[PDB]
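Below is one structure, written out as structure tokens, with a few remarks after it.
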Amino acid sequence: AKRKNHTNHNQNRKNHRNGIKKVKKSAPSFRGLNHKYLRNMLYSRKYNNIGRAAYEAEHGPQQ
Amino acid sequence: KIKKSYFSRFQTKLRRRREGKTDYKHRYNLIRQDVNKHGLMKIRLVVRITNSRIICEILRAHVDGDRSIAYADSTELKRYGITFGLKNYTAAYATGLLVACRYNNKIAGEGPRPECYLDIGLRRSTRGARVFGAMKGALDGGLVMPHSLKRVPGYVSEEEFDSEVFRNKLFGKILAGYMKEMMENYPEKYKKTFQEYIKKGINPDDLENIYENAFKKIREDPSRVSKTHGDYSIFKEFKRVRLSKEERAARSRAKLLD
Amino acid sequence: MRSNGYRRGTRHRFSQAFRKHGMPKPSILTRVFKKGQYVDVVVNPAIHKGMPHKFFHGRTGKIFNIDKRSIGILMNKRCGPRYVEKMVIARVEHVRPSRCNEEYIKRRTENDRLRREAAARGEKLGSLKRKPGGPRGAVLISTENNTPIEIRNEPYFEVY
Amino acid sequence: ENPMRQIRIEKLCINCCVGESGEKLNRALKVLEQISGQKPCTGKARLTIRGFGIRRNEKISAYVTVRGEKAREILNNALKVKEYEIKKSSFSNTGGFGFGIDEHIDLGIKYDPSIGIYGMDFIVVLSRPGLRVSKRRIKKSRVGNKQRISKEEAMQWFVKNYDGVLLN
Amino acid sequence: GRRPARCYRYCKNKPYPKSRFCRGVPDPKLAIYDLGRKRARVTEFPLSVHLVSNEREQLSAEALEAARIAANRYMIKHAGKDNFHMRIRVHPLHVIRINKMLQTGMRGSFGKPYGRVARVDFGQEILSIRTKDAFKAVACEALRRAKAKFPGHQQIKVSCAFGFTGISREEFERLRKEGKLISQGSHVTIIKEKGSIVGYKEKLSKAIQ
RNA sequence: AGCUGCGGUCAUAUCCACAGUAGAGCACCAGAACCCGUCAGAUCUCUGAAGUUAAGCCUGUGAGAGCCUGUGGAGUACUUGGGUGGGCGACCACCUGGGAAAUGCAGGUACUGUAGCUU
RNA sequence: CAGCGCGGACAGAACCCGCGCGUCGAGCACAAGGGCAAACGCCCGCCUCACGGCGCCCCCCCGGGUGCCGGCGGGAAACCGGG
RNA sequence: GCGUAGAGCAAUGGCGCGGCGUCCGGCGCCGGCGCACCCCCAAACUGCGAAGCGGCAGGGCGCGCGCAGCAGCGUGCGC
Ligand SMILES: [Mg+2]
Ligand SMILES: [Mg+2]
Ligand SMILES: [Mg+2]
Ligand SMILES: [Mg+2]
Ligand SMILES: [Mg+2]
Ligand SMILES: [Mg+2]
Ligand SMILES: [Mg+2]
Ligand SMILES: [Mg+2]
Ligand SMILES: [Mg+2]
Ligand SMILES: [Mg+2]
Ligand SMILES: [Mg+2]
Ligand SMILES: [Mg+2]
């Protein structure tokens with residue numbers, strides 16, 4: 001039978017009972033980053049305290 | 001007639017477009033940098049041709065306006081012997097050669113060099129255009145621009161470029177041959193059309209050596225000669241001054257009475 | 001009940017201002033953008049590519065990613081009882097560098113400088129809180145050359 | 001007075017709207033080849049008109065533009081047809097004038113019955129030196145009011161330059 | 001067959017004019033908005049009396065015609081057909097709807113165009129008569145015969161303005177003597193010092209006096 | 001001081017009308033063998049410097065149109081919040097805050113970065 | 001561009017051409033809205049980014065956006081193109 | 001960031017009369033058209049625009065050194 005279609009009544013009151021929780025803090029993610037930038041940042045992290053020329057002097061051609 | 005609502009709703013274009021001086025669609029695509037680079041605005045070789053001279057500038061965009069990095073004019077070619085034909089193809093080449101040797105003698109060679117880009121502006125990009133002669137002059141002076149030689153004379157393919165048929169355009173051998181045959185067949189028409197050539201004493205057979213000698217002297221000493229031009233507040237009296245508001249009212253009330 | 005296209009109900013939101021139509025000026029290309037910087041998404045409707053959703057047209061978010069022609073922006077949205085972080089990809093024509101923390105950065109760099117300089121000379125500054133507007137000050141208004149003026153109720157008259 | 005304000009023939013535009021395609025048009029654009037010495041342009045009909053028998057995009061007319069001193073000999077030959085006499089109202093608001101001759105063989109052309117007979121509209125455009133500021137690509141601007149030609153300054157030019165006689 | 005005007009009295013809906021979305025609405029029976037000597041000059045009828053709505057409601061186009069005829073017949077019979085110019089101010093622009101429902105009831109309830117009404121506010125003039133000063137009492141009486149045709153409360157006001165211009169009679173008389181007025185028939189333009197002076201002297205050329 | 005190249009603001013810059021501008025610049029302009037492009041060397045392209053500041057450009061003028069700024073309209077219109085205020089209603093009044101717009105009126109008609117050039 | 005103006009044999013209300021103006025009133029397949037003037041419209045040339053492989057975002061999908069590595073087209077180039 | 005109330009007829013779309021005219025038609029008048037003022041207007045109109053709301057910020061910064069295949073002279077990331 002024909003009845004009520006829609007309301008937003010009591011929705012703000014419901015949504016504030018457990019509050020509007022924030023975005024939950026996380027570790028920083030590489031999701032959404034530029035791929036050329038992210039590839040280069042990991043290369044800088046891979047050869048952080050030892051340079052690349054010294055790293056490939058040890059481990060050979062690293063690619 | 002045109003209604004008053006026309007003028008009130010009229011949105012004027014940008015002032016350099018109303019002046020007909022910049023192509024703002026072309027300008028937008030030219031100075032656009034990737035957002036990954038953030039500050040490194042690209043340098044562009046802007047070549048402008050006037051009726052008198054040929055302007056070549058290396059310049060970079062800022063927020064307040066473009067900042068000039070290097071400048072050369074074809075009027076600066078008088079030091080190198082070229083006083084004749086200041087807007088021909090060879091003056092375009094030599095002025096493009098001049099910024100390229102100025103900009104390289106300005107910066108020192110410890111780091112890598114940035115790429116420059118050619119800015120024609122509103123000239124037409126035709127084969128044999130002078131604006132690409134200034135491009136070809138800049139590449140010969142060592143300015144790195146991502147060109148292709150399709151519009152400079154001497155082009156047959158992307159791998160093959162004929163330097164010899166480029167050189168007769170460059171060293172005026174096309175021009176001198178036209179200048180020589182006019183002198184023989186129509187000596188009075190030669191007298192009228194090349195007046196500043198004769199007063200400079202230039203001869204068409206001599207013309208290749210003047211250009212070849214100029215190209216060495218540019219690459220040897222491209223350094224800028226400076227002119228101080230200290231005071232010009234003498235010229236301040238040449239401008240007119242505006243009236244005041246009550247003087248404008250005094251002429252208006254007088255115009256009502258007569 | 002309205003249809004749910006990507007630009008629904010944007011007749012005024014995605015319009016141009018009066019006598020401010022046209023393609024964007026090249027001066028926007030000289031704006032720097034950095035990761036962590038806050039930006040205001042305000043859509044340039046002359047630029048049709050890289051347009052964000054209409055929901056983010058008033059919103060301000062922090063940049064997480066910087067691309068060739070575009071920018072990734074972190075913007076929280078209410079989904080019921082939670083804020084959900086959306087990743088908004090927008091062309092630079094649709095954003096402005098936000099002045100949300102404009103006066104905080106001006107306050108911070110000066111105060112951190114003053115704390116560094118005072119620590120250099122062996123002093124220290126206790127607290128540089130922004131003091132709010134307190135009570136009113138005591139006033140002295142002299143009636144010398146300022147005589148009090150009577151305000152009276154006046155008879156109602158009507159003009160027609 | 002000043003030599004730069006002097007009025008010249010800027011261009012002469014000729015067209016013969018023969019009204020229909022086929023051989024009569026292709027002979028008509030041969031006539032403009034004879035007169036101008038240039039390759040003419042064909043005109044397309046903008047709409048399909050039942051009353052005239054034309055169709056949209058149908059080649060309907062033939063037109064050309066001649067300049068220089070070559071435009072002057074075409075003009076004075078065409079003015080010899082009309083006794084150098086042109087109505088005052090035939091001068092345009094913007095400095096030009098026009099007239100139309102009924103047969104092209106009044107220009108010093110033998111008949112050639114394989115070609116035929118065509119009339120044509122001669123449209124004269126006048127200018128002072130400095131029209132380039134409105135026609136060039138870069139820094140395009142309007143030509144000033146002193147350098148624009150009026151109808152009467154075109155009328156004064158027509159009586160002075162061609163020994164003209166105005167009418168009405 | 002027409003509904004009573006109590007069904008469409010108040011401004012209940014948003015204004016709903018004849019547009020490309022609401023077509024098929026019939027023409028209003030209020031055909032004439034200017035009566036008397038319309039062509040009379042601005043300086044011939046100084047007096048102005050107005051019938052002013054004391055209601056926020058919708059005047060029917062039928063009542064707007066009935067009050068038109070009631071006021072026009074009285075000004076003709078008493079002031080005469082040349083001694084007045086009566087203007088109807090409000091225009092029946094709002095279209096009222098009728099549902100008209102086999103009997104569908106409230107299914108598909110949005111109504112077809114039924115009539116036209118004029119939407120008036122508090123203090124809005126409905127009618128206005130410009131006359132000579134001798135026919136004040138005639139024009140006050142013709143408007144009270146007009147407001148009988150109208151719902152709710154109306155008020156007859158004698159305005160200090162000169163005729164159908166907004167300028168008051170003291171202020172209109174001064175500028176007419178100064179030469180600062182150019183007639184536009186029922187209303188007038190005040191000559192200001194804003195033009196070019198050659199255009200200003202052409203403005204004094206076309207002034208009233 | 002100015003001009004010019006490249007700009008930034010994008011009408012205080014637009015639009016109409018009339019004036020004036022020494023220098024240099026910008027131009028107009030002379031020409032078409034070439035490169036190049038056209039129906040047309042008009043544009044574009046090349047080459048030139050004989051002429052000319054007539055135009056453009058510039059500047060000034062106008063009780064100019066517009067535009068800009070201020071002011072005013074006006075604590076008006078409207079409104080958040082409040083009352084067991086009022087009114088048959090329509091809706092209105094009050095309290096507490098917030099607070100416009102159009103017309104009007106007055107003034108303004110550009111500023112600026114960088115580079116080069118001009119006595 | 002729409003449109004307007006003024007000129008021009010046949011030629012007319014309506015054939016074509018020219019000049020002047022023309023803030024977008026035109027056009028952009030279509031509904032409407034937004035957008036757009038050396039263009040996002042018109043014309044011409046060369047083309048087939050209406051592409052493969054990996055991601056990510058807006059996000060039920062649909063559709064679109066954005067990257068990376070290849071493969072290309074146009075252009076002197078910057079650039080633009082993932083219908 | 002919004003575009004509601006108000007306000008506005010300035011563009012779009014309506015409403016209505018006068019006024020003006022080296023405009024057109026008809027026989028000075030009448031009708032068209034044009035222009036300027038004006039009138040009544042708009043949920044699917046806007047040169048303006050509230051009250052009211054929405055987003056975000058009010059904490060880390062400064063310096064130095066390393067790293068990168070990114071970049072071409074920076075940006076990130078480590079310390
Ligand atoms: Mg281009
Ligand atoms: Mg697309
Ligand atoms: Mg009953
Ligand atoms: Mg209702
Ligand atoms: Mg003014
Ligand atoms: Mg209560
Ligand atoms: Mg002025
Ligand atoms: Mg359109
Ligand atoms: Mg689609
Ligand atoms: Mg796509
Ligand atoms: Mg509204
Ligand atoms: Mg309203």
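Starting from 1 in every chain, residues are counted up; chains themselves are A, B, ... following the order of the structure tokens, and ligands are numbered from 1 as listed.
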
- Message: Please return as a list in words the residues found within 8 Å of ligand 5, counting only C-alpha atoms (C1' of nucleotides) and all ligand atoms.
- Response: residues 194 of chain E; 64, 65 and 66 of chain F

Surroundings of ligand 2 up to 10 Å, based on only C-alpha atoms (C1' of nucleotides) and all ligand atoms, as a PDB file with N, CA and C atoms (P, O5', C5', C4', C3', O3' and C1' of nucleotides), in the first residue's frame:
```pdb
ATOM      1  N   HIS C  48      37.084  21.742 -18.996  1.00  0.00           N
ATOM      2  CA  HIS C  48      36.178  20.614 -18.857  1.00  0.00           C
ATOM      3  C   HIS C  48      36.877  19.350 -18.392  1.00  0.00           C
ATOM      4  N   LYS C  49      38.180  19.249 -18.593  1.00  0.00           N
ATOM      5  CA  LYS C  49      38.912  18.073 -18.165  1.00  0.00           C
ATOM      6  C   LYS C  49      39.391  18.231 -16.736  1.00  0.00           C
ATOM      7  N   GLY C  50      39.478  17.106 -16.034  1.00  0.00           N
ATOM      8  CA  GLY C  50      39.950  17.099 -14.666  1.00  0.00           C
ATOM      9  C   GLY C  50      39.053  17.801 -13.690  1.00  0.00           C
TER      10      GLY C  50
ATOM     11  P     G G  64      33.517   7.712 -20.829  1.00  0.00           P
ATOM     12  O5'   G G  64      34.211   8.718 -19.817  1.00  0.00           O
ATOM     13  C5'   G G  64      33.804  10.072 -19.753  1.00  0.00           C
ATOM     14  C4'   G G  64      34.192  10.709 -18.449  1.00  0.00           C
ATOM     15  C3'   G G  64      35.665  10.863 -18.180  1.00  0.00           C
ATOM     16  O3'   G G  64      36.242  11.952 -18.860  1.00  0.00           O
ATOM     17  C1'   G G  64      34.625  10.026 -16.260  1.00  0.00           C
ATOM     18  P     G G  65      37.783  11.898 -19.262  1.00  0.00           P
ATOM     19  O5'   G G  65      38.536  12.186 -17.902  1.00  0.00           O
ATOM     20  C5'   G G  65      38.352  13.414 -17.227  1.00  0.00           C
ATOM     21  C4'   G G  65      38.854  13.339 -15.815  1.00  0.00           C
ATOM     22  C3'   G G  65      40.337  13.128 -15.659  1.00  0.00           C
ATOM     23  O3'   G G  65      41.067  14.312 -15.848  1.00  0.00           O
ATOM     24  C1'   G G  65      39.198  11.695 -14.200  1.00  0.00           C
ATOM     25  P     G G  83      39.145   7.333 -23.872  1.00  0.00           P
ATOM     26  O5'   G G  83      38.959   8.146 -25.217  1.00  0.00           O
ATOM     27  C5'   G G  83      37.689   8.653 -25.575  1.00  0.00           C
ATOM     28  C4'   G G  83      37.757   9.438 -26.852  1.00  0.00           C
ATOM     29  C3'   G G  83      36.592  10.359 -27.120  1.00  0.00           C
ATOM     30  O3'   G G  83      36.699  11.577 -26.420  1.00  0.00           O
ATOM     31  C1'   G G  83      37.045   9.121 -29.052  1.00  0.00           C
TER      32        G G  83
END
```

Chain B residues near chain C within 10 Å, closest pair each, using only C-alpha atoms, as JSON lines:
```
{"residue": "B:8", "atom": "CA", "partner": "C:19", "partner_atom": "CA", "distance": 9.4}
{"residue": "B:9", "atom": "CA", "partner": "C:19", "partner_atom": "CA", "distance": 6.9}
{"residue": "B:10", "atom": "CA", "partner": "C:19", "partner_atom": "CA", "distance": 7.0}
{"residue": "B:11", "atom": "CA", "partner": "C:19", "partner_atom": "CA", "distance": 4.9}
{"residue": "B:12", "atom": "CA", "partner": "C:19", "partner_atom": "CA", "distance": 8.1}
{"residue": "B:13", "atom": "CA", "partner": "C:22", "partner_atom": "CA", "distance": 8.9}
{"residue": "B:14", "atom": "CA", "partner": "C:25", "partner_atom": "CA", "distance": 8.9}
{"residue": "B:24", "atom": "CA", "partner": "C:26", "partner_atom": "CA", "distance": 7.4}
{"residue": "B:25", "atom": "CA", "partner": "C:23", "partner_atom": "CA", "distance": 8.3}
{"residue": "B:26", "atom": "CA", "partner": "C:26", "partner_atom": "CA", "distance": 9.7}
{"residue": "B:27", "atom": "CA", "partner": "C:26", "partner_atom": "CA", "distance": 7.0}
{"residue": "B:28", "atom": "CA", "partner": "C:26", "partner_atom": "CA", "distance": 4.9}
{"residue": "B:29", "atom": "CA", "partner": "C:26", "partner_atom": "CA", "distance": 8.4}
{"residue": "B:30", "atom": "CA", "partner": "C:26", "partner_atom": "CA", "distance": 9.3}
{"residue": "B:31", "atom": "CA", "partner": "C:29", "partner_atom": "CA", "distance": 7.3}
{"residue": "B:32", "atom": "CA", "partner": "C:29", "partner_atom": "CA", "distance": 5.8}
{"residue": "B:33", "atom": "CA", "partner": "C:29", "partner_atom": "CA", "distance": 6.9}
{"residue": "B:34", "atom": "CA", "partner": "C:68", "partner_atom": "CA", "distance": 4.5}
{"residue": "B:35", "atom": "CA", "partner": "C:68", "partner_atom": "CA", "distance": 5.3}
{"residue": "B:36", "atom": "CA", "partner": "C:67", "partner_atom": "CA", "distance": 5.7}
{"residue": "B:37", "atom": "CA", "partner": "C:32", "partner_atom": "CA", "distance": 8.5}
{"residue": "B:38", "atom": "CA", "partner": "C:32", "partner_atom": "CA", "distance": 4.7}
{"residue": "B:39", "atom": "CA", "partner": "C:32", "partner_atom": "CA", "distance": 5.8}
{"residue": "B:40", "atom": "CA", "partner": "C:30", "partner_atom": "CA", "distance": 9.0}
{"residue": "B:41", "atom": "CA", "partner": "C:30", "partner_atom": "CA", "distance": 7.2}
{"residue": "B:61", "atom": "CA", "partner": "C:30", "partner_atom": "CA", "distance": 7.2}
{"residue": "B:62", "atom": "CA", "partner": "C:30", "partner_atom": "CA", "distance": 6.2}
{"residue": "B:63", "atom": "CA", "partner": "C:30", "partner_atom": "CA", "distance": 6.1}
{"residue": "B:64", "atom": "CA", "partner": "C:27", "partner_atom": "CA", "distance": 8.8}
{"residue": "B:65", "atom": "CA", "partner": "C:27", "partner_atom": "CA", "distance": 8.7}
```

Could you write out that same residue set with N, CA and C atoms as a short mmCIF file (atom, residue, chain, number, x, y, z; two decimals), in the first residue's frame?
```
data_model
loop_
_atom_site.label_atom_id
_atom_site.label_comp_id
_atom_site.auth_asym_id
_atom_site.auth_seq_id
_atom_site.Cartn_x
_atom_site.Cartn_y
_atom_site.Cartn_z
N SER B 8 27.53 48.00 -21.07
CA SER B 8 27.59 47.64 -19.66
C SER B 8 27.87 46.17 -19.47
N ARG B 9 27.44 45.34 -20.41
CA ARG B 9 27.64 43.91 -20.33
C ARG B 9 28.82 43.44 -21.15
N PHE B 10 29.52 44.35 -21.79
CA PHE B 10 30.64 43.99 -22.63
C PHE B 10 31.82 43.60 -21.76
N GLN B 11 32.35 42.41 -21.96
CA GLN B 11 33.54 41.95 -21.26
C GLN B 11 34.72 42.10 -22.21
N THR B 12 35.62 43.02 -21.89
CA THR B 12 36.78 43.25 -22.73
C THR B 12 37.74 42.09 -22.62
N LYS B 13 38.49 41.87 -23.69
CA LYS B 13 39.51 40.85 -23.67
C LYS B 13 40.72 41.35 -22.88
N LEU B 14 41.69 40.46 -22.73
CA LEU B 14 42.92 40.81 -22.05
C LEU B 14 43.67 41.84 -22.89
N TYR B 24 47.03 34.21 -26.33
CA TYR B 24 46.95 33.70 -24.97
C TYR B 24 46.62 32.21 -24.90
N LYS B 25 46.05 31.63 -25.95
CA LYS B 25 45.97 30.18 -26.00
C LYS B 25 47.33 29.58 -26.25
N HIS B 26 48.09 30.18 -27.16
CA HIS B 26 49.44 29.73 -27.43
C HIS B 26 50.36 30.03 -26.25
N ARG B 27 50.17 31.18 -25.61
CA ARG B 27 50.97 31.54 -24.45
C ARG B 27 50.73 30.60 -23.28
N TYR B 28 49.48 30.15 -23.10
CA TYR B 28 49.15 29.22 -22.04
C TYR B 28 49.83 27.87 -22.24
N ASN B 29 49.77 27.34 -23.46
CA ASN B 29 50.42 26.06 -23.73
C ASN B 29 51.93 26.17 -23.73
N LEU B 30 52.48 27.36 -23.95
CA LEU B 30 53.92 27.50 -24.05
C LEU B 30 54.57 27.53 -22.68
N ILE B 31 54.06 28.36 -21.77
CA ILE B 31 54.69 28.50 -20.46
C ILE B 31 54.21 27.47 -19.47
N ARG B 32 53.39 26.52 -19.89
CA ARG B 32 52.88 25.51 -18.98
C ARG B 32 53.98 24.56 -18.56
N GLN B 33 54.18 24.44 -17.26
CA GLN B 33 55.09 23.46 -16.70
C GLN B 33 54.27 22.38 -16.00
N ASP B 34 54.84 21.18 -15.92
CA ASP B 34 54.29 20.14 -15.06
C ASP B 34 54.24 20.62 -13.62
N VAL B 35 53.22 20.16 -12.89
CA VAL B 35 53.08 20.56 -11.49
C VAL B 35 54.13 19.85 -10.64
N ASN B 36 54.71 18.76 -11.14
CA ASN B 36 55.80 18.06 -10.47
C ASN B 36 57.05 18.90 -10.32
N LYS B 37 57.20 19.98 -11.09
CA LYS B 37 58.43 20.75 -11.09
C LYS B 37 58.32 22.03 -10.28
N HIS B 38 57.10 22.55 -10.14
CA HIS B 38 56.60 23.51 -9.16
C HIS B 38 57.15 24.93 -9.23
N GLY B 39 58.39 25.11 -9.62
CA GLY B 39 58.90 26.45 -9.58
C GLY B 39 59.70 26.73 -10.81
N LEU B 40 60.15 25.65 -11.40
CA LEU B 40 61.09 25.70 -12.50
C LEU B 40 60.30 26.09 -13.73
N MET B 41 60.11 27.39 -13.91
CA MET B 41 59.41 27.87 -15.08
C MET B 41 60.36 27.79 -16.26
N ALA B 61 58.97 33.01 -17.09
CA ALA B 61 57.77 33.59 -16.53
C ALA B 61 57.81 33.64 -15.01
N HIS B 62 57.36 34.76 -14.47
CA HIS B 62 57.10 34.90 -13.04
C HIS B 62 55.67 35.39 -12.87
N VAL B 63 55.29 35.63 -11.62
CA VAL B 63 53.93 36.07 -11.36
C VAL B 63 53.75 37.54 -11.72
N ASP B 64 54.77 38.36 -11.47
CA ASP B 64 54.65 39.78 -11.77
C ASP B 64 54.84 40.05 -13.25
N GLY B 65 55.41 39.11 -13.97
CA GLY B 65 55.74 39.32 -15.36
C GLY B 65 56.95 38.50 -15.69
#
```

- Message: Please check the contacts: residues of chain H at most 8 Å away from chain B, using only C-alpha atoms (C1' of nucleotides), listed as a VMD selection string.
- Response: chain H and resid 10 to 11 47 71 to 75

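You will find atom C1' of residue 68 of chain F at 5.4 Å from atom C1' of residue 12 of chain F.
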
- Contacts with ligand 12 at most 10 Å, only C-alpha atoms (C1' of nucleotides) and all ligand atoms counted, listed as number ranges by chain: E: 14-15; H: 4-8, 42

- Message: ligand 4: which residues are within 12 Å, counting only C-alpha atoms (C1' of nucleotides) and all ligand atoms? Reply as a ChimeraX atom specification.
- Response: /E:8,10-16,96-97,109-111 /H:43

- Task: Write out as a ChimeraX atom specification which residues come within 8 Å of segment 76-83 of chain E when counting only C-alpha atoms (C1' of nucleotides), dropping same-chain ones fewer than 5 positions away.
- Result: /E:36-37,45,131-132,135,138-139

Output of the above residues as an mmCIF file, in the first residue's frame, restricted to C-alpha atoms:
```
data_model
loop_
_atom_site.group_PDB
_atom_site.id
_atom_site.type_symbol
_atom_site.label_atom_id
_atom_site.label_comp_id
_atom_site.auth_asym_id
_atom_site.auth_seq_id
_atom_site.Cartn_x
_atom_site.Cartn_y
_atom_site.Cartn_z
ATOM 1 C CA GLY E 36 -10.223 58.117 -20.086
ATOM 2 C CA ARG E 37 -8.127 60.543 -22.075
ATOM 3 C CA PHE E 45 -4.184 66.272 -14.772
ATOM 4 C CA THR E 131 -7.755 64.326 -12.870
ATOM 5 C CA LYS E 132 -8.101 68.023 -12.408
ATOM 6 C CA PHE E 135 -13.008 66.112 -9.744
ATOM 7 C CA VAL E 138 -15.825 62.214 -8.272
ATOM 8 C CA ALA E 139 -12.611 60.227 -8.449
#
```

- What residues in chain E lie within 9 Å of chain C, counting only C-alpha atoms, written as a ChimeraX atom specification? /E:157-161

- Which chain H residues are at most 6 Å from chain C (counting only C-alpha atoms (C1' of nucleotides)), as a VMD selection string? chain H and resid 1 55 to 57

Prev. selection, C-alpha atoms (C1' of nucleotides), output as a PDB file, in the first residue's frame:
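Wrote it out as out.pdb, contents follow:
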```
ATOM      1  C1'   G H   1      32.125  28.095  -1.025  1.00  0.00           C
ATOM      2  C1'   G H  55      34.789  23.574   4.120  1.00  0.00           C
ATOM      3  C1'   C H  56      39.594  24.466   6.261  1.00  0.00           C
ATOM      4  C1'   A H  57      43.365  26.512   9.621  1.00  0.00           C
TER       5        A H  57
END
```
